[PDB]
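Report on the following structure.
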Amino acid sequence: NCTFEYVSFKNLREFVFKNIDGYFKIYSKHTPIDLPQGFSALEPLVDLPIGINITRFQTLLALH
Amino acid sequence: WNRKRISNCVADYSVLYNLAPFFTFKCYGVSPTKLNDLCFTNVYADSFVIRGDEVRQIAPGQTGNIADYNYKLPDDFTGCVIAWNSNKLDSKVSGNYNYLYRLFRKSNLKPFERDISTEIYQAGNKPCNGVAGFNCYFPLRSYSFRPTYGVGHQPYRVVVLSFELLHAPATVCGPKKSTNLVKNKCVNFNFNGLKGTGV
Amino acid sequence: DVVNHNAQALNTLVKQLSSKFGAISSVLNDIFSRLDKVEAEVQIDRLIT
Ligand SMILES: *[C@@H]1O[C@H](CO)[C@@H](O[C@@H]2O[C@H](CO)[C@@H](O)[C@H](O)[C@H]2NC(C)=O)[C@H](O)[C@H]1NC(C)=O
């Protein structure tokens, strides 16, 4: 139904997703390099109050 | 309820406390009179029709029918709730049936959660979700609004504002405006509702 | 130990202004700005006590 829409190896990308009071909070970090040993705190990027109950997730892949 | 994002504008809060479409108020966390000097990051507004005796459950962290089954407010709610005696637009003779309310549900609600599922819940051991009758009561039950009702039974057009007192970039501000900057002098300052004295 | 007792007592006296003591906020002027004076003096009363 699309109640909300928004349009804005070598490299390692880190993400943190959590739900508080319906506000979907997104944290992010980028760096070039299983998990290499190091410490780098993530910074807040996007806050969004969808209020959607979320229990499962799945990542997306690329095909030509 | 459409979460209308209010940002990057000047909010004249003194307008919204005067007339017939905005008449009865309650506020939590911030005094409504001093709203004209303060600022918020984002304010999320909603508009809806609920019976007047059920407006008492529109409160921070309280329970009830519309609370557990329609919409939960957070228990740290900083904002104001604005209602309206709406008999003329939402009530008809021998009932107006354009608004639906839940009386039973499988689950208790979490604050600012939304569910548009019309699945018939199992009141008893009889199977449901397609079956109607006893132990399969309908989820969406109207209150049949009439203009001849008493004050409690009337439909109320209620607006809820949720303020964010976060120390983020605040884009919503009151009707007050700014002055010039003074550096390296002992002066009074005010920054987006933060009053202090210092050099 | 005398010097550390003096520094620790002064520092522990400093960080208890951050302690809200059951009031809404540590900063007084935020309570003065957010609320009108009647409940504000109750919050400031808890802070001062
Ligand atoms: C959000 O969704 C989850 C997933 O359905 C609900 O958690 C329970 O999930 C189990 C999965 O087997 C169900 O059998 C239960 O019936 C679910 N609980 C309830 C109370 O129905 C969770 O309750 C949902 N959150 C809200 C607020 O409804």
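Identifiers in the structure tokens: chain A, B, ... in order shown; residue index from 1 per chain; ligand index from 1 in order shown.
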
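Residues lying within 9 Å of segment 60-70 of chain B, counting only C-alpha atoms and ignoring same-chain neighbours fewer than 3 positions away, are residues 28, 50, 54, 55, 57, 73, 74, 75, 76, 77, 78, 101, 102, 103, 104, 105, 107, 108, 109, 110, 111, 113, 114 and 115 of chain B.
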
Practice prompt. Can you pull out every residue within 8 Å of segment 34-45 of chain A, counting only C-alpha atoms, but drop anything in the same chain fewer than 3 positions away, and send it as a ChimeraX atom specification?
Written response: /A:14-16,25-29

Worksheet item: Distance atom CA of residue 85 of chain B-atom CA of residue 142 of chain B, one decimal place?
Response: 17.9 Å

Produce a table with one row for each residue of chain C that has an atom at most 7 Å from any atom of chain B, each row naming the nearest atom pair and its distance in Å at one decimal; use only C-alpha atoms; arrange rows by chain and rising residue number; format as a Markdown table.
```
| residue | atom | partner | partner_atom | distance |
| --- | --- | --- | --- | --- |
| C:29 | CA | B:195 | CA | 6.2 |
| C:30 | CA | B:194 | CA | 6.6 |
| C:33 | CA | B:34 | CA | 6.9 |
| C:34 | CA | B:30 | CA | 4.9 |
| C:35 | CA | B:31 | CA | 4.7 |
| C:36 | CA | B:31 | CA | 6.3 |
```

Worksheet item: Distance atom CA of residue 17 of chain A-atom CA of residue 1 of chain B, one decimal place?
Response: 24.7 Å
